[PDB]
Amino acid sequence: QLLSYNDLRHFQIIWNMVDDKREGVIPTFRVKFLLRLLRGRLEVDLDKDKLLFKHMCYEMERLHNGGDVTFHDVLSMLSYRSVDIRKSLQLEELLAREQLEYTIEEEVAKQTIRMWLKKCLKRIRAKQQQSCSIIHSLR
Amino acid sequence: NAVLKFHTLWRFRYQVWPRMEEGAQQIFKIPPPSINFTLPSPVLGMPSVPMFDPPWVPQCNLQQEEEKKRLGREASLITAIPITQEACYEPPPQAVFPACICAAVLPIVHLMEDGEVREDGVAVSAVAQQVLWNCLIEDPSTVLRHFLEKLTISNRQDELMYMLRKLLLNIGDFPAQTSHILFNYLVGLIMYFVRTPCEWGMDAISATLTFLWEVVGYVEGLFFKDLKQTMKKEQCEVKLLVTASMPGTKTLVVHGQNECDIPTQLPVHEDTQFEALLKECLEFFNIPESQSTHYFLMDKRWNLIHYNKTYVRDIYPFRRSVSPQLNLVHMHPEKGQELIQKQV
Amino acid sequence: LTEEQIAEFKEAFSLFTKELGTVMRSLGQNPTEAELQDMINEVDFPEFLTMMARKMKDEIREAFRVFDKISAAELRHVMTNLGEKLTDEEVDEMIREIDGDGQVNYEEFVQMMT
Amino acid sequence: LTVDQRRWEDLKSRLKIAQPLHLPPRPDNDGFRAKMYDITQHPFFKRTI
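Residues numbered from 1 in each chain as written, not as in the entry; some residues may be left out. Chains lettered and ligands numbered in written order. Part of a larger assembly, values for the part shown. Heavy atoms only, no water. Residues with missing side-chain atoms left out of burial classes, pairs and counts.

The record lists cryo-EM as the method behind this PDB entry and 3.1 Å as its resolution.

Participant: Can you break down the overall build of chain B residue by residue, with the values?
Facilitator: Along the backbone of chain B there are 15 helices and five strands. Expected size for 344 residues packed as a compact globule is a radius of gyration near 20 Å; at 27 Å, chain B overshoots this value by more than 25%. Here chain B holds 344 residues, and the buried ones make up 39% of them. Approximately 21,300 Å² of chain B is accessible, and the part contributed by carbon and sulfur atoms is 56%. Charged side chains of chain B number 31 positive and 39 negative; the gap between the two group centres comes to 3 Å. (Helix = DSSP H or I, 4+ residues; strand = E, 2+ residues; numbered from the N terminus. Rg over C-alpha atoms; globule rule 2.2 N^0.38 Å. Buried < 20%, exposed > 50% of the residue type's maximum accessible area, 1.4 Å probe, protein only. Areas by Shrake-Rupley, 256 points an atom, 1.4 Å probe, with all protein chains shown as cover. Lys, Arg positive; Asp, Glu negative; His and termini not counted. Charge placed at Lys NZ, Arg CZ, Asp CG, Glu CD.)

Participant: Account for the overall build of chain C, with residues named and values stated.
Facilitator: If you tally the helices and strands in chain C, you get eight helices and zero strands. Traced from its N-terminal end to its C-terminal end, chain C shows the element sequence α-α-α-α-α-α-α-α. The C-alpha atoms of chain C give a radius of gyration of 22 Å, which is well past the 13 Å a tight globule of 114 residues would have. Projected onto its principal axes, the C-alpha positions of chain C cover 60 × 25 × 20 Å. A burial count over chain C gives 34% of its 114 residues as buried. Working note: accessible area of chain C is about 7,400 Å², and carbon and sulfur atoms make up 51% of it. The distance from the centre of the 12 positive side-chain charges to the centre of the 27 negative ones in chain C is 2 Å.

Participant: Outline a nonpolar patch on the surface, supporting the account with residue identities and numerical values.
Facilitator: A cluster of nonpolar residues, B:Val16, B:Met20, B:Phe28 and B:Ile30, forms a patch on the protein surface that exposes about 310 Å² of accessible area. Structurally, B:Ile30 can be placed in the loop between α2 (24–27) and α3 (62–74). (Patch = residues over 30% accessible without salt bridge, like charges linked within 9 Å, V, L, I, M, F, W, Y side chains within 5 Å. Salt bridge = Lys/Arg side-chain N within 4 Å of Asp/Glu carboxyl O.)

Participant: Can you tell me about the packing of helix α4 (residues 71–81) of chain A against helix α1 (residues 3–17) of chain D, naming the residues and giving the values?
Facilitator: Viewed as axis vectors pointing N to C, α4(A) and α1(D) meet at an angle of 160°, and their least axial separation amounts to 10 Å. In terms of axis orientation, α4(A) runs roughly antiparallel to α1(D). Note on packing geometry: the crossing formed by α4(A) with α1(D) is right-handed. Across the interface between the two elements, A:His72, A:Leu75, A:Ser79 and A:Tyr80 of α4(A) pack against D:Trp8, D:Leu11, D:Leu15 and D:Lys16 of α1(D). Tallied by class, residues from the contact of α4(A) with α1(D) come to five nonpolar, two polar and one charged. (Axes fitted to C-alpha atoms, helices over the stretch in contact; angles between N-to-C directions. Parallel < 35°, antiparallel > 145°, perpendicular 65-115°, else oblique. Left-handed = near helix turned anticlockwise from the far one by under 90°. Contact = heavy atoms within 4.5 Å. Nonpolar A, V, L, I, M, F, W, Y, C, P; charged D, E, K, R; others polar.)

Participant: An account of the nonpolar core is needed here, citing residue identities and associated values.
Facilitator: Ranked by size, the top nonpolar core spans 54 residues in total, and within it B:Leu132, B:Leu167, B:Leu182 and B:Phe211 carry the most contacts. Going through the elements one at a time, α1 (2–11), α6 (105–111), α7 (124–138), α8 (140–153), α9 (157–171), α10 (176–195), α11 (201–216) and α12 (224–234) of chain B are the ones with two or more residues in this core. Ranked by residue count, the leading element in this core is α10(B), at twelve residues. Ignoring any residue separated from it by four or fewer positions in sequence, one finds B:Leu182 in contact with B:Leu144, B:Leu164, B:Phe174, B:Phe211 and B:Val215. Ranked by size, the runner-up nonpolar core spans 47 residues in total, among them A:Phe33, A:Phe71, C:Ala7 and C:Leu49. (Core = buried A, V, L, I, M, F, W, Y, C linked by side-chain atoms within 4.5 Å.)

Participant: Talk me through the interface of chain A and chain D; I want residue IDs and the actual numbers.
Facilitator: With 17 residues of chain A in contact, the opposing surface of chain D contributes 17 residues. Taking both partners together, chain A and chain D bury about 1,700 Å²; carbon and sulfur atoms supply 61% of that area. If you look at where chain A meets chain D, you find zero salt bridges. For the pair chain A and chain D, the interface holds four residue pairs in polar contact. Mapped onto the side of chain A that touches chain D, the elements with two or more residues apiece are α1 (5–18), α4 and α5 (85–88) of chain A. It is α4(A) that provides the largest number of residues to the side of chain A that touches chain D, a total of five residues. For the side of chain A that touches chain D, the per-class residue count stands at nine nonpolar, six polar and two charged. (Buried area = accessible area lost by both parts, 1.4 Å probe. Polar contact = N/O pair within 3.5 Å; in protein donor to acceptor, adjacent residues only side chain to side chain.)

Participant: Got a sec to walk through the sheet that holds strand β3 (residues 295–299) of chain B? Specific residues and values, please.
Facilitator: Residues and elements named next belong to chain B. Within the open sheet, the five strands sit side by side as β2-β1-β5-β3-β4. Their pairing is mixed. The strands lining the two open edges of the sheet, one partner per strand, are β2 (264–267) and β4 (304–305). Note: strand β1 (residues 251–255) against β2, four bridges, orientation antiparallel. Paired with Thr 251 across the bridge in β2 is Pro 267. (Pairing = 2+ DSSP bridges.)

Participant: Tell me what's going on with the pattern of salt bridges, and back it up with residues and numbers.
Facilitator: Residues and elements named next belong to chain A. A complete count under the given rule lists 23 salt bridges over all chains for this structure. Salt-bridge contacts for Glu 43 lead to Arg 39; the nearest nitrogen and oxygen are separated by 2.8 Å. Overall, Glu 43 belongs to the partly exposed group, its relative accessible area being 42%.

Participant: Give me the lowdown on the interface of chain A and chain C, citing residues and values where you can.
Facilitator: A common way to state how big an interface is: give the accessible area lost once the parts meet. On the chain C side, the residues contacting the 24 residues of chain A number 27 residues. Across the chain A/chain C interface, buried area totals approximately 2,600 Å², and carbon plus sulfur atoms make up 72% of it. On the chain A side of the contact with chain C, A:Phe33, A:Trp116 and A:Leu117 bury the most area, a combined 25% of that side's loss. Viewed at the interface, chain C and chain A are joined by one salt bridge. In this structure, C:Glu4 engages A:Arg36 in a salt bridge whose closest nitrogen and oxygen atoms are separated by 2.5 Å. Counting the contacts that link chain A with chain C gives one residue pair in polar contact. If you list the elements that add at least two residues to the side of chain A that touches chain C, you get α2 (31–35), α3 (50–62) and α6 (91–138) of chain A. Per-element tally for the side of chain A that touches chain C: the top contributor is α6(A), with 13 residues. Considered class by class, the residues forming the side of chain A that touches chain C number 13 nonpolar, one polar and ten charged.

Participant: For the pairing of β1(B), give the residues involved together with the corresponding values.
Facilitator: Pairing of β1(B) with strand β5 (residues 325–330) of chain B, which is carried by three bridges, proceeds in the parallel orientation. When the bridges of β5(B) are listed, B:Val254 appears paired with B:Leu326.

Participant: Describe the arrangement of the chains, naming the residues involved and giving the relevant values.
Facilitator: Highest in contacts among the four pairs of chains that touch are chains A and C. Chain B shows no contact with chain D. Their nearest C-alpha atoms sit 30 Å apart.

Participant: So what's going on with a positive patch on the surface? Which residues, and what values?
Facilitator: Together, A:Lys50, A:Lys54, C:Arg61 and C:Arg65 make up a region of like positive charge exposed at the surface. On the secondary structure map, C:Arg65 appears in the loop between α5 (60–64) and α6 (72–82). Residue C:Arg65 is classed as partly exposed on the basis of its relative accessible area, which comes to 43%.

Participant: An account of the packing of α1(A) against α4(A) is requested, with residue identities and associated values reported.
Facilitator: Residues and elements named next belong to chain A. In contact at an axis separation of 12 Å, α1 and α4 are set at 140° when each is read in the N-to-C sense. Taken together, the axes of α1 and α4 lie oblique to each other. Here the hand of the crossing between α1 and α4 comes out right-handed. Every residue of α4 that contacts α1 at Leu 8, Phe 11, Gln 12 and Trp 15 is listed here: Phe 71, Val 74, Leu 75 and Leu 78. A breakdown of the residues in the contact of α1 with α4 according to their chemical character gives seven nonpolar, one polar and no charged.

So this is what it looks like as structure tokens:
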């Protein structure tokens, strides 16, 4: 039910494979290059877990706003997400974690919506700006 | 007899569909009940108070036990709950109560003040009160939805509040569910008018607030923390709680007399009134001092004419991506002063 | 290897100037053979990834899994709070743009995406 | 604390202790060091040692 040493060793190998140096931190955009290369018991199925993988990527992008993220942060994150938090956490920490995950989920949902918003805003701004040019001509 | 017939219609509303052709919902059409309100999420108050020891729920040092049970059983208002509906077993039913029967509620409310006594000793007001009480305890939603939705489409808030006040005073109470739903609906209406522009929006808000404090006295589990969090999540706490802090707009955009003319994007500080903003507008727009008492800043969207000495940050607490749009409109000073007086 | 580049490139630069096209062709792309050197000029797993991820960067499921709620006002305030420097001018048009029930279906919105 | 909670706390502590693997990547510029790393890390070498 818990993250073992075999899982930790495999994660360490993957970390040393995605982190070219021995600096111990990676730019957050590289974080996905960790999660999807991770194999075995920690593997995530891209054909079934898309929502969960995206959630993890956004979580490790929020932890520090565009910040570079440490080995310990991603390891804690995998630990939290690999356990049935309702059983293995205290009440206040369970509430904190569940509210965090709720926030992450709605935040990423509207972060998807924002792209459609941007595109439609572009189209309508173009149309209205051309209409304002017409009105300027009417001046 | 009219009151009694209304009661019967109410008590028979769930037994209409079965009586006619099978699957007649598709062949016979009744328009759905229009509901534009999004009640606060989570729901503000407790929907109901449980009976302490219900003789119809099967589940369940002695003398203390009986004493406690007795005391708790005395405290619970058995007459405030729909006894037979609670006591029925739980194993859909559709209700056909068109909007033109709900209008009959108001005449019944009036009749609750009719003292005339029939030759058998029955008084109109007593039967009216009994019927209305039974309806309100059974289903407040069906009996108040008509009014709540009607208010949106017309400027008759005053009438609604008068009717609700008469109802409260004649019945003398609101059982916990009636007040719960009423309060939630009123708050939903307030937020709706806050968001959607309307000609009589702020008037409706004022009318609602003039009466909300009478309902609030009958909500059982309404706590400050929950209210604060819900309102903040809804982004309308300012209109409800005086203890609301909201950083106002940093900047404002004002349009001139002409259409699509170069507007002005002025700054807004924490201690700036509309007077300085209007002075800057006059300076920018090259308006002579002789004609300087005919121009006022007003919000066309919300139909607000701004008073000189009211702080800008108070009227536009929202610090969004979009700055409020104002207009420098010219009019006779007397009419502007009258409108300012009305709005203040 | 797999359709997505991450598990492909552990093999694509461990199992194998021109032969890696047999991997590239899995994407349906046949660039100029000399460009196969242009990628190999990155020689390095993470550099290859950082190059091609943004090369590939250079549908309905998502829409149906974001409709987790949408009344007119709900959309109004959600989008206005989320959105960029709009002026509340387009939003009157969005509330007014097909059924007019006060509800949106995101399938049609994705259709009007382009 | 339930046993699951105790185990969770212990795991948290362990992950706190855990640090990145110290083994550097195998050099590949020269085949010499390549074969050296390959033979050195072979499990049977460790077992015989």
